[PDB]
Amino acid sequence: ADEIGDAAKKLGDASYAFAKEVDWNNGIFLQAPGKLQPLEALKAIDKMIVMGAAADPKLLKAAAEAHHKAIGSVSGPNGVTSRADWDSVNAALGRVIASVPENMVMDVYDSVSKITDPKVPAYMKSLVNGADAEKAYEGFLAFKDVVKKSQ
């Protein structure tokens, strides 16, 4: 047990209602988040690849395992994993994030932002309950504070 795991349970309390509202089977998630821009997108993928190579390989393995288990508990009309598996994925990802330097994480974020059209967040939010999305994000903010402490 660790503090990221405890923070993941609070994150689940804040964010699972939102996860149940997302239609995970919508094909839109395969499309670029705006205009397809291969050269800029490759720069973002490169920052991810750098981060993945730097991450604790054991924590990467555990995060992959948590997603395998999560796939197994998918149910209902939107393809949402169970509450327990949601929390397990989020904890495992938090551990991976904490295992690399903050710069690496910020470089992925900035590089993905560069290819994301300004309308995409509002469009995604419009498909779910906006107050639940807001609660989920406020949950994320608290969670990342715990992740940073462990980083």
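The first residue of the sequence shown is number 1, and the count goes up from there.
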Subject >> Higher-B stretch (mean Cα B-factor, as the entry records it), 44-52 or 122-130 >> reply: 122-130
Original post:
Highest CA temperature factor in the entry: which of 35, 114, 95, 68?
Top reply: 35
**OP:** Would you mind ranking residue 8 by its C-alpha B-factor against the rest of the chain and naming the third, lowest, middle or highest?
**Re:** middle
Original post:
Lowest, middle or highest third: where is residue 104 by Cα B-factor in its chain?
Top reply: highest
Original post:
If you rank every modelled residue in this chain by C-alpha B factor, which third holds residue 82: lowest, middle or highest?
Top reply: middle
Subject >> residue 138 - which third its CA temperature factor falls in, relative to the rest of the chain >> reply: highest
**OP:** Using the B-factors in the PDB entry, rank residue 30's C-alpha atom against the chain and give the third, lowest, middle or highest.
**Re:** highest
